[PDB]
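For reference, final.csv is printed below; it contains CSV, C-alpha atoms.
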chain,number,residue,atom,x,y,z
A,532,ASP,CA,107.7,132.0,49.5
A,533,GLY,CA,104.3,131.2,51.0
A,534,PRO,CA,104.9,132.9,54.3
A,535,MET,CA,108.6,133.2,53.6
A,536,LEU,CA,111.4,131.0,52.2
A,537,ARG,CA,113.6,129.1,54.6
A,538,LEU,CA,117.3,128.2,53.9
A,539,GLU,CA,116.7,125.0,55.8
A,540,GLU,CA,114.9,121.9,54.4
A,541,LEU,CA,111.5,123.4,55.1
A,542,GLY,CA,111.5,125.4,51.9
A,543,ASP,CA,113.6,124.9,48.7
A,544,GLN,CA,116.7,127.0,48.6
A,545,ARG,CA,119.1,125.2,46.3
A,546,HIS,CA,122.1,126.0,48.5
A,547,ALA,CA,125.9,125.7,48.2
A,548,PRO,CA,127.0,127.2,44.8
A,549,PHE,CA,124.0,129.5,44.5
A,550,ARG,CA,124.8,130.8,48.0
A,551,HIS,CA,128.4,131.3,46.9
A,552,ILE,CA,127.1,133.5,44.1
A,553,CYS,CA,124.7,135.2,46.4
A,554,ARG,CA,127.2,136.2,49.0
A,555,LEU,CA,128.9,138.3,46.4
A,556,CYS,CA,125.9,140.6,46.7
A,557,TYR,CA,126.6,141.5,50.3
A,558,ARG,CA,130.4,141.4,49.7
A,559,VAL,CA,130.2,144.1,47.0
A,560,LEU,CA,127.5,145.9,49.1
A,561,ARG,CA,130.1,146.2,51.8
A,562,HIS,CA,132.6,147.2,49.2
A,563,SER,CA,130.4,150.1,48.2
A,564,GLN,CA,129.9,151.4,51.7
A,565,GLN,CA,133.6,151.5,52.5
A,566,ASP,CA,134.9,154.9,53.7
A,567,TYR,CA,131.9,156.8,52.2
A,568,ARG,CA,129.5,158.5,54.6
A,569,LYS,CA,126.7,159.2,52.2
A,570,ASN,CA,126.3,155.5,51.4
A,571,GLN,CA,126.1,154.8,55.2
A,572,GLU,CA,123.2,157.3,55.6
A,573,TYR,CA,121.5,156.0,52.4
A,574,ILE,CA,121.6,152.4,53.8
A,575,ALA,CA,120.6,153.7,57.3
A,576,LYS,CA,117.0,154.3,56.2
A,577,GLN,CA,116.4,150.5,55.9
A,578,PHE,CA,117.4,150.0,59.6
A,579,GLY,CA,114.0,148.5,60.6
A,580,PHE,CA,113.7,146.5,57.4
A,581,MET,CA,117.2,144.9,57.7
A,582,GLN,CA,116.4,143.7,61.3
A,583,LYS,CA,114.3,140.7,60.3
A,584,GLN,CA,116.8,139.1,57.8
A,585,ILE,CA,119.5,138.9,60.5
A,586,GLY,CA,119.8,135.3,61.6
A,587,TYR,CA,118.9,133.5,58.3
A,588,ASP,CA,122.5,132.8,57.4
A,589,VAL,CA,122.2,135.1,54.4
A,590,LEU,CA,125.2,137.3,55.5
A,591,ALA,CA,122.8,140.0,56.6
A,592,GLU,CA,124.4,140.1,60.0
A,593,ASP,CA,127.8,140.6,58.3
A,594,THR,CA,126.4,143.5,56.3
A,595,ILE,CA,124.8,145.2,59.3
A,596,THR,CA,128.0,144.8,61.4
A,597,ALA,CA,130.0,146.2,58.5
A,598,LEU,CA,127.7,149.2,58.3
A,599,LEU,CA,127.6,149.7,62.0
A,600,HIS,CA,131.4,149.3,62.5
A,601,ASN,CA,132.5,152.6,60.9
A,602,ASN,CA,129.7,155.0,61.8
A,603,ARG,CA,129.6,156.0,65.4
A,604,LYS,CA,126.8,158.6,65.0
A,605,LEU,CA,124.7,155.9,63.4
A,606,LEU,CA,125.5,153.3,66.1
A,607,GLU,CA,125.0,155.6,69.1
A,608,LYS,CA,121.3,156.1,68.2
A,609,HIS,CA,119.9,153.5,65.8
A,610,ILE,CA,121.0,150.5,67.9
A,611,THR,CA,118.5,150.0,70.7
A,612,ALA,CA,118.0,147.8,73.7
A,613,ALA,CA,115.3,145.6,72.0
A,614,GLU,CA,117.7,145.0,69.1
A,615,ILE,CA,120.4,143.7,71.4
A,616,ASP,CA,117.9,141.5,73.2
A,617,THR,CA,116.9,140.1,69.8
A,618,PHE,CA,120.5,139.5,69.0
A,619,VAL,CA,120.9,137.6,72.3
A,620,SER,CA,117.7,135.5,71.7
A,621,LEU,CA,118.8,134.5,68.2
A,622,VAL,CA,121.9,132.7,69.4
A,623,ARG,CA,120.1,130.4,71.8
A,624,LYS,CA,117.9,128.9,69.1
A,625,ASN,CA,120.7,129.1,66.5
A,626,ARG,CA,123.0,126.9,68.7
A,627,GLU,CA,126.0,128.4,66.9
A,628,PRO,CA,129.0,130.1,68.4
A,629,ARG,CA,130.1,132.4,65.6
A,630,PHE,CA,127.3,134.8,66.3
A,631,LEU,CA,129.0,135.9,69.5
A,632,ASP,CA,131.9,137.9,68.0
A,633,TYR,CA,129.4,140.3,66.3
A,634,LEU,CA,127.9,141.5,69.6
A,635,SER,CA,131.4,141.9,71.1
A,636,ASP,CA,132.7,144.0,68.2
A,637,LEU,CA,129.8,146.5,68.6
A,638,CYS,CA,131.2,148.2,71.7
A,639,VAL,CA,134.9,148.5,70.4
A,640,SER,CA,135.7,151.1,67.8
A,641,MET,CA,139.0,152.9,67.0
A,642,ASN,CA,140.7,151.0,69.8
A,643,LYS,CA,138.5,152.7,72.4
A,644,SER,CA,135.0,152.0,73.8
A,645,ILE,CA,131.7,153.8,73.8
A,646,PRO,CA,130.3,154.1,77.4
A,647,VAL,CA,126.6,154.0,76.5
A,648,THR,CA,127.1,151.0,74.1
A,649,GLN,CA,128.8,149.1,76.9
A,650,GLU,CA,126.1,150.1,79.4
A,651,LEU,CA,123.3,148.9,77.2
A,652,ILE,CA,125.2,145.6,76.7
A,653,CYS,CA,126.4,144.7,80.1
A,654,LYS,CA,123.0,144.1,81.7
A,655,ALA,CA,121.7,142.7,78.4
A,656,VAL,CA,124.4,140.1,78.6
A,657,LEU,CA,124.3,139.2,82.3
A,658,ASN,CA,120.6,139.0,82.8
A,659,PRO,CA,119.4,136.8,79.9
A,660,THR,CA,122.5,134.5,80.1
A,661,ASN,CA,121.6,132.9,83.5
A,662,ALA,CA,118.4,131.4,82.4
A,663,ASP,CA,119.8,128.8,80.0
A,664,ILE,CA,122.0,130.5,77.5
A,665,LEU,CA,124.9,128.1,78.2
A,666,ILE,CA,126.8,130.2,80.7
A,667,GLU,CA,129.8,128.0,80.0
A,668,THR,CA,131.8,129.3,83.0
A,669,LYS,CA,130.7,127.8,86.3
A,670,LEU,CA,134.0,128.6,87.8
A,671,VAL,CA,134.4,126.1,90.7
A,672,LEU,CA,137.6,124.4,91.7
A,673,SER,CA,137.8,120.7,92.4
A,674,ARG,CA,138.8,121.7,95.9
A,675,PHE,CA,135.8,124.1,95.9
A,693,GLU,CA,145.0,117.0,91.2
A,694,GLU,CA,143.4,120.5,91.5
A,695,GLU,CA,141.3,121.2,88.4
A,696,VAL,CA,138.4,123.4,87.2
A,697,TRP,CA,135.2,121.9,85.8
A,698,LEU,CA,133.2,123.1,82.8
A,699,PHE,CA,129.6,122.1,83.5
A,700,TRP,CA,127.4,123.4,80.7
A,701,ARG,CA,123.6,123.1,80.4
A,702,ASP,CA,122.2,122.3,77.0
A,703,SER,CA,118.7,122.9,75.6
A,704,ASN,CA,117.5,119.5,76.8
A,705,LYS,CA,117.3,120.4,80.5
A,706,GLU,CA,120.4,118.3,81.2
A,707,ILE,CA,123.6,119.1,83.1
A,708,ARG,CA,126.8,118.0,81.2
A,709,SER,CA,129.7,117.0,83.4
A,710,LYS,CA,133.2,117.1,82.0
A,711,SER,CA,136.7,118.4,83.1
A,712,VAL,CA,138.2,121.1,81.0
A,713,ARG,CA,141.2,119.1,79.9
A,714,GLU,CA,139.2,116.0,79.1
A,715,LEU,CA,136.8,117.9,76.8
A,716,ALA,CA,139.7,119.7,75.3
A,717,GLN,CA,141.3,116.3,74.5
A,718,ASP,CA,138.0,115.2,73.0
A,719,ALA,CA,137.8,118.3,70.9
A,720,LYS,CA,141.0,117.3,68.9
A,721,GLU,CA,139.7,113.7,68.7
A,722,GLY,CA,136.9,114.9,66.4
A,723,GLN,CA,134.0,115.7,68.7
A,724,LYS,CA,131.8,118.5,67.2
A,725,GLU,CA,129.9,119.2,70.4
A,726,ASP,CA,133.1,119.9,72.4
A,727,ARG,CA,134.5,121.9,69.6
A,728,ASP,CA,131.4,124.1,69.7
A,729,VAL,CA,131.7,124.3,73.5
A,730,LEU,CA,135.3,125.5,73.2
A,731,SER,CA,134.3,127.9,70.4
A,732,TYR,CA,131.6,129.5,72.5
A,733,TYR,CA,133.9,129.5,75.6
A,734,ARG,CA,136.6,131.4,73.8
A,735,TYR,CA,134.0,133.7,72.3
A,736,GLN,CA,132.5,134.5,75.7
A,737,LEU,CA,136.0,135.1,77.1
A,738,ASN,CA,136.6,137.5,74.3
A,739,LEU,CA,133.3,139.2,75.2
A,740,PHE,CA,134.4,139.3,78.9
A,741,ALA,CA,137.6,141.1,77.7
A,742,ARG,CA,135.6,144.0,76.3
A,743,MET,CA,132.9,145.2,78.8
A,744,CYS,CA,135.7,145.8,81.4
A,745,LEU,CA,137.7,148.3,79.4
A,746,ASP,CA,138.6,151.8,80.3
A,747,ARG,CA,137.3,151.6,83.9
A,748,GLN,CA,133.6,151.1,83.7
A,749,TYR,CA,132.2,149.5,86.9
A,750,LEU,CA,128.8,148.3,85.6
A,751,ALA,CA,130.4,144.9,84.9
A,752,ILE,CA,133.9,144.8,86.5
A,753,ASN,CA,132.6,144.3,90.0
A,754,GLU,CA,130.2,141.6,88.9
A,755,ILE,CA,132.9,139.7,86.9
A,756,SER,CA,135.5,140.0,89.7
A,757,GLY,CA,133.0,138.2,92.1
A,758,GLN,CA,133.7,134.9,90.2
A,759,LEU,CA,137.1,135.4,88.6
A,760,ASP,CA,140.3,135.5,90.6
A,761,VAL,CA,144.0,135.9,89.9
A,762,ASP,CA,144.7,132.3,90.9
A,763,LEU,CA,141.6,131.1,89.2
A,764,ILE,CA,142.7,132.5,85.8
A,765,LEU,CA,146.3,131.6,86.4
A,766,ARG,CA,145.1,128.0,86.8
A,767,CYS,CA,144.6,128.3,83.0
A,768,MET,CA,148.2,129.5,82.7
A,769,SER,CA,150.1,126.6,84.2
A,770,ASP,CA,148.5,124.0,81.9
A,771,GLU,CA,149.6,123.5,78.3
A,772,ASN,CA,147.0,120.9,77.5
A,773,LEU,CA,144.4,123.5,76.4
A,774,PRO,CA,144.7,124.9,72.9
A,775,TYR,CA,146.7,128.1,72.9
A,776,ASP,CA,143.7,130.2,71.7
A,777,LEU,CA,141.9,129.5,74.9
A,778,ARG,CA,144.9,130.6,77.0
A,779,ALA,CA,145.1,133.6,74.6
A,780,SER,CA,141.6,134.6,75.7
A,781,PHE,CA,142.5,134.0,79.4
A,782,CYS,CA,145.5,136.2,79.2
A,783,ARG,CA,143.7,139.1,77.6
A,784,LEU,CA,140.7,139.0,79.9
A,785,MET,CA,143.0,138.7,82.9
A,786,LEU,CA,144.9,141.8,81.8
A,787,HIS,CA,141.8,143.8,81.1
A,788,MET,CA,139.9,143.1,84.3
A,789,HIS,CA,142.7,142.4,86.9
A,790,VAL,CA,145.3,144.8,85.8
A,791,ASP,CA,143.3,148.0,84.9
A,792,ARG,CA,141.3,148.7,88.0
A,793,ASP,CA,141.4,150.9,91.1
A,794,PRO,CA,143.6,151.8,92.9
A,795,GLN,CA,146.6,150.8,90.8
A,796,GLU,CA,147.6,153.5,88.4
A,797,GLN,CA,150.5,154.5,86.1
A,798,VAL,CA,153.7,155.4,87.9
A,799,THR,CA,156.3,158.1,87.1
A,800,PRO,CA,159.7,156.7,86.0
A,801,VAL,CA,161.9,159.7,87.1
A,802,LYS,CA,161.2,161.7,90.2
A,803,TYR,CA,162.0,165.5,90.2
A,804,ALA,CA,161.6,166.0,93.9
A,805,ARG,CA,163.1,164.0,96.8
A,806,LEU,CA,163.9,164.5,100.5
A,807,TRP,CA,167.5,164.9,101.7
A,808,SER,CA,167.3,163.0,105.0
A,809,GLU,CA,165.3,160.2,103.5
A,810,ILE,CA,168.0,159.3,100.9
A,811,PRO,CA,170.8,157.4,102.6
A,812,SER,CA,174.5,158.2,102.1
A,813,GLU,CA,174.9,155.0,100.1
A,814,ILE,CA,172.3,153.7,97.5
A,815,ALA,CA,172.6,150.3,96.0
A,816,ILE,CA,170.4,147.8,94.1
A,817,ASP,CA,169.6,146.0,97.3
A,818,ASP,CA,167.7,149.0,98.5
A,819,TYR,CA,166.5,150.4,95.1
A,820,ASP,CA,162.7,150.7,95.7
A,821,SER,CA,162.1,150.2,99.5
A,822,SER,CA,159.2,152.7,99.3
A,823,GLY,CA,156.7,150.1,98.2
A,824,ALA,CA,155.6,148.7,101.5
A,825,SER,CA,151.9,149.4,101.0
A,826,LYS,CA,151.8,147.6,97.7
A,827,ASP,CA,153.6,144.5,99.1
A,828,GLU,CA,150.4,142.6,99.3
A,829,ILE,CA,149.5,143.7,95.7
A,830,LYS,CA,152.9,142.4,94.5
A,831,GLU,CA,152.3,139.2,96.4
A,832,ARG,CA,149.0,138.4,94.8
A,833,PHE,CA,150.7,138.6,91.4
A,834,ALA,CA,154.2,137.4,92.5
A,835,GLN,CA,153.4,133.9,91.0
A,836,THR,CA,152.2,135.7,87.9
A,837,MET,CA,155.5,137.5,87.8
A,838,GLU,CA,157.3,134.2,88.0
A,839,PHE,CA,155.3,132.6,85.2
A,840,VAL,CA,156.1,135.7,83.1
A,841,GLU,CA,159.8,134.9,83.6
A,842,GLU,CA,159.7,131.1,83.0
A,843,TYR,CA,157.4,131.6,80.0
A,844,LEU,CA,160.4,133.2,78.3
A,845,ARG,CA,162.5,130.3,79.4
A,846,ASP,CA,160.0,128.0,77.6
A,847,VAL,CA,160.7,129.9,74.3
A,848,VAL,CA,164.4,130.8,74.5
A,849,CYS,CA,165.4,127.1,73.9
A,850,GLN,CA,163.5,127.2,70.6
A,851,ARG,CA,165.7,127.4,67.5
A,852,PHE,CA,163.0,129.6,65.9
A,853,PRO,CA,161.0,131.3,68.8
A,854,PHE,CA,158.2,132.2,66.4
A,855,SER,CA,157.7,128.9,64.6
A,856,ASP,CA,154.0,127.9,65.2
A,857,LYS,CA,151.3,130.4,64.3
A,858,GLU,CA,149.3,129.3,67.3
A,859,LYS,CA,152.4,129.8,69.5
A,860,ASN,CA,152.8,133.2,67.9
A,861,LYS,CA,149.2,134.0,68.9
A,862,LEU,CA,150.0,132.8,72.4
A,863,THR,CA,153.0,135.1,72.6
A,864,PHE,CA,151.4,138.5,71.9
A,865,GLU,CA,149.0,138.7,74.8
A,866,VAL,CA,151.7,137.6,77.3
A,867,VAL,CA,153.9,140.3,75.8
A,868,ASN,CA,151.0,142.7,76.5
A,869,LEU,CA,150.5,141.4,80.0
A,870,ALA,CA,154.2,142.0,81.0
A,871,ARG,CA,154.1,145.3,79.0
A,872,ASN,CA,151.3,146.6,81.3
A,873,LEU,CA,152.7,145.0,84.5
A,874,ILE,CA,156.1,146.8,84.1
A,875,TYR,CA,154.6,150.3,83.9
A,876,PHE,CA,152.3,149.4,86.8
A,877,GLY,CA,155.4,149.5,89.0
A,878,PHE,CA,155.3,145.7,89.6
A,879,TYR,CA,159.0,145.0,89.0
A,880,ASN,CA,161.9,146.1,91.1
A,881,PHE,CA,165.1,147.2,89.3
A,882,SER,CA,166.7,143.9,90.0
A,883,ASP,CA,163.9,142.1,88.1
A,884,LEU,CA,164.1,144.5,85.1
A,885,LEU,CA,167.6,143.3,84.2
A,886,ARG,CA,166.5,139.6,84.7
A,887,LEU,CA,163.7,140.2,82.2
A,888,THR,CA,166.0,142.2,79.9
A,889,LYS,CA,168.6,139.4,79.4
A,890,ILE,CA,165.9,136.8,78.6
A,891,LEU,CA,164.1,139.3,76.4
A,892,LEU,CA,167.4,140.0,74.4
A,893,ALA,CA,168.1,136.3,74.2
A,894,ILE,CA,165.0,135.9,72.0
A,895,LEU,CA,166.2,138.8,69.8
A,896,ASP,CA,169.6,137.1,69.5
A,897,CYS,CA,167.9,133.8,68.5
A,898,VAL,CA,166.0,135.8,65.9
A,899,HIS,CA,169.2,136.1,63.8
A,900,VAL,CA,169.4,132.3,63.6

Rewritten as structure tokens:
Amino acid sequence: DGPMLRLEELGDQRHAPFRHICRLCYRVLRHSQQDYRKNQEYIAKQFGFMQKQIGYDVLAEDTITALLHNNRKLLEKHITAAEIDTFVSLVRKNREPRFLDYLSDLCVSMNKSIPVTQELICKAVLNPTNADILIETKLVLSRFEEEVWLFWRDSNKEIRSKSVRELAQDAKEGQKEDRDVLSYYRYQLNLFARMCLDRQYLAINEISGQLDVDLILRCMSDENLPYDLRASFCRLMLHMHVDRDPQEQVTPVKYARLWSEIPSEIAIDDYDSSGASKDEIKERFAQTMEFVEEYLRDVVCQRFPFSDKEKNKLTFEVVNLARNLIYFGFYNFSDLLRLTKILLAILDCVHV
């Protein structure tokens, strides 16, 4: 401990079992601060002191995230812009993806979002990223076999060229660099699924300039990618594309109609002819509507429709996407029954 002690080879640490014993300290420290306000305020006084130890792989980041997760009054004031900038800077030198989830979980609490927390993070994510952080998006189509390419820049001032499917295939081969690339890619998709919540336009407009419905759906028609990636693509697609102006929740039952407008005969063929304006909107997700249908075809034939855990993880966000689409008035009454029979087929196969 001359200047300090480093967990790396610079200074002796005697890691592995000793760290296993040490992590109990912060584990029981988190146990103490569960659902107890006074402990939170008592630990809050060390807010400045606890800043430095973050990033030393000593579970200090876990402790600070646990403390900041369940105290909104503490979070709204103690967390500052410089702290977020330091968080961002730590990852670049760390060259590790797992740090990314902690920043994302800051803005989400009690299944809602804090506006000031999202505002202080949107610019702090978009501005430092572009220098060299990795970006890991570079959404350009092969036309712009159609494919998208994941060109990421490392710290060695070098441009890596690789198709998404090829690097995904190499990830299961045993390549650690591509595994970390996919980890950071899924993490940044998860981030991108958070700043766009509950109609805040400090980041939605910027994101929509690169992402498109067909661009994201290109990640829906390929099964080569691991299903966690597609899980991220579905949720970000829902959060940014679906919830935006001008589309809004529709009323199911109408209490006031016009006599002359209603024809003498009403049938399914003319169920909802009052959606002429939204015809383009339906068109730009009509293919998405189709994939929602045949995705259920892909799973009906299974003897156990919930066999694989990764397939289970794939299922939930697609369920959510359709769940939101149906209330957004996207499906005509003819399509509701078509979805209903395939939906009930899964429940029938559940008994097997």

Test item: residues at most 7 Å from stretch 705-719 of chain A, all atoms listed in the file, excluding those fewer than 6 positions along its chain, as a list in words: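 In the requested form, the answer reads residues 696, 697, 698, 699, 726, 727, 772 and 773 of chain A.
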
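Proximity of A:887, A:755, A:585, A:536 to residue A:625, computed with only C-alpha atoms, is greatest for A:585.
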
Minimum-distance residue to residue A:891, chosen among A:862, A:738, A:633, A:843 (using only C-alpha atoms):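 The shortest atom-to-atom distance to residue A:891 comes from A:843.
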
Closest of A:645, A:768, A:621, A:581 to residue A:604 - atom-to-atom distances counting only C-alpha atoms: A:645

Contacts of residue A:627 within 10 Å, all atoms listed in the file, excl. fewer than 4 positions in-chain, as a list in words: residues 621, 622, 623, 631, 728, 729, 731 and 732 of chain A

Selection near residue A:810, 12 Å with all atoms listed in the file, sequence-local residues under 5 positions removed, as JSON, numbers by chain: {"A": [804, 805, 815, 818, 819, 820, 821, 822]}
